[PDB]
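So the chains spell out like this:
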Amino acid sequence: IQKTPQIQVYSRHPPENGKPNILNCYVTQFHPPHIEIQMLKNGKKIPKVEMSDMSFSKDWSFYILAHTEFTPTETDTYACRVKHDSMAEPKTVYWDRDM
Amino acid sequence: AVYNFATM
Amino acid sequence: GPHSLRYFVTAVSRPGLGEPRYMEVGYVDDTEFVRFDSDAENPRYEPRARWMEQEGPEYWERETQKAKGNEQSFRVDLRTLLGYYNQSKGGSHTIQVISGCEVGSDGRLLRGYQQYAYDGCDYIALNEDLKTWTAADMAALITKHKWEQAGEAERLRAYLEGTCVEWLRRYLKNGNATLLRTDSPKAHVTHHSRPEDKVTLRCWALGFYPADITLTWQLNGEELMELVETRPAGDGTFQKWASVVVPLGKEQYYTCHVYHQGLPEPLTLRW
């Protein structure tokens, strides 16, 4: 009855240094709906993240998109941290540009 | 346009 | 193709922290186009799609006050369902609603639906006939009985057959360029090592609309596989991936196939 979020991080476009892109954090398959989602640039929260595409599935679990405009560099690192009541600790999923 | 929902 | 108008509706009690949070999010097909959130600064229906800027002040006022009625209506349901389920009045609970209609390309009704869930389990749903209800349990029966006695199915059928369809037509036409478009997948395959002497082959599809797509891996004819649910990429297009673990030195015998509304011939690629 409580479902653990799946957190996927991924850019809109194949990442290339210096190119505007969108970073996404899709937080999925969760219940209850109360949830916290922070996107992070080098450990620091990114301001003005957009919450979009909220839906549910057959099994009624929640789905929502966090996303933001970013320009990747080689040194910068991006992650998404989510606090949900089904998780002992807040889970950070890091962006893997080679995925 | 959404429906006016009923009570349950 | 056929198209959909969908409202995802959610009311969430927060006892001790005030009134329940109420959200209505609407989609045409796979595109979010409207939203009301009771936690916004000053809650009112807002456009989420550029083409909805066309609609005038009367539309936004009419949807907003409808929204605000529903907020109250679901407020009462939450209190009602505590009674139905003999639940404490200090826990947070959720009501969810999926409400909408699908039409065929001739703009006529294929299907209407309205489904409710309490705390993530089914509660009640309009049946396909569009005259009767199916209730998930003893609580839902009480609700069922009220809707039968009040004739809600028939009012709901006027909505699914009339209001829901005519507005879907309106929105398609109003948002033709965005909603009737097709963006085709661009695909590419990535390689990863492992132990003991194996390899993960991952196939990416990117930039596509509508959200519907099929990705398969093949070893010389027979289809094979980890994947992710197709997912929004933040600009109104979607992506997916599908991976297979193969033997190191046999990568060339595996190919990824991508089928999409925007690919006359499905794509074939390999590492």
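Conventions adopted
- Residues numbered from 1 in each chain as written, not as in the entry; some residues may be left out.
- Chains lettered and ligands numbered in written order.
- Heavy atoms only, no water.
- Residues with missing side-chain atoms left out of burial classes, pairs and counts.
- Contact = heavy atoms within 4.5 Å.
- Salt bridge = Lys/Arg side-chain N within 4 Å of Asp/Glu carboxyl O.
- Polar contact = N/O pair within 3.5 Å; in protein donor to acceptor, adjacent residues only side chain to side chain.
- Helix = DSSP H or I, 4+ residues; strand = E, 2+ residues; numbered from the N terminus.
- Nonpolar A, V, L, I, M, F, W, Y, C, P; charged D, E, K, R; others polar.
- Disulfide = S-S within 2.5 Å.
- Buried < 20%, exposed > 50% of the residue type's maximum accessible area, 1.4 Å probe, protein only.
- UniProt positions renumbered as here; feature names shortened; annotations may be inferred.

Structure determination for this PDB entry is given in the record as X-ray crystallography, at a resolution of 2.60 Å.

Turning our eyes to something else, we now look at the interface of chain C and chain B. Many descriptions give the size of an interface as the accessible area lost when the pieces come together. In this complex, chain C contributes 31 residues to the contact, which on the side of chain B involves 8 residues. At the junction of chain C and chain B, the tally comes to 0 salt bridges. The interface formed by chain C and chain B holds 15 residue pairs in polar contact in total. Among the elements of the structure, β1 (3-12), α1 (57-84), β5 (94-103), β6 (109-118), α2 (138-150) and α3 (152-174) of chain C are those that each provide at least two residues to the side of chain C that touches chain B. A class-by-class count of the residues in the side of chain C that touches chain B yields 16 nonpolar, 7 polar and 8 charged.

Under the defined criterion, the tally for this structure stands at 3 disulfides over all chains. Each disulfide pairs two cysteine sulfurs, and for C25 of chain A the partner residue is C80 of chain A, the sulfurs being separated by 2.0 Å. Because the torsion about its S-S bond is -75°, the bridge between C25 of chain A and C80 of chain A counts as left-handed. On the criterion of sequence distance, the pair formed by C25 of chain A in strand β2 (residues 21-30) and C80 of chain A in strand β7 (residues 78-84) is long-range, its members being 55 residues apart. Residues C25 of chain A and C80 of chain A agree in their burial class; the two are buried. Put simply, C203 of chain C and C256 of chain C are joined by a disulfide, and their sulfur atoms are 2.0 Å apart. Its S-S torsion of approximately -75° makes the covalent link between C203 of chain C and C256 of chain C left-handed. Residue classification places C203 of chain C among the buried positions, given a relative accessible area of 0%.

The next thing to look at is the UniProt feature "disulfide bond" in chain C. Residue and element names in this part refer to chain C. Measuring from sulfur to sulfur, the annotated disulfide partners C101 and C164 are 2.1 Å apart, close enough to count as bonded by the 2.5 Å criterion. Of this pair, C101 sits in strand β5 while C164 sits in helix α3; the two residues are 63 residues apart in sequence, bridging distant segments of the chain. Accessibility classification places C101 together with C164 in one group, the buried group. Judged by the 2.5 Å criterion, the UniProt-annotated disulfide of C203 with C256 is present, its S-S distance being 2.0 Å.

Before going further, it helps to spend a moment on the side chain of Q96 of chain C. On the secondary structure map, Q96 of chain C appears in strand β5. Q96 of chain C sits in the buried class, given a relative accessible area of 0%. A distance of 2.9 Å separates a polar side-chain atom of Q96 of chain C from the backbone oxygen of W60 of chain A. In contact with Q96 of chain C, other than residues within four places in its own chain, are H31, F56, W60 and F62 of chain A together with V9, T10, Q115, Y116, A117 and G120 of chain C.

To continue, consider the UniProt feature "domain: Ig-like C1-type" in chain A. UniProt marks residues 5-94 of chain A with the feature "domain: Ig-like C1-type", using the numbering shown here. For residues 5-94 of chain A, the helix share is 0%, the strand share is 58%, and the end-to-end C-alpha distance is 15 Å.

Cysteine pair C25 of chain A and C80 of chain A, annotated in UniProt as disulfide-bonded: S-S separation 2.0 Å, below the 2.5 Å cut-off, and the bond is accordingly regarded as formed. For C80 of chain A, a relative accessible area of 0% translates into the label buried.

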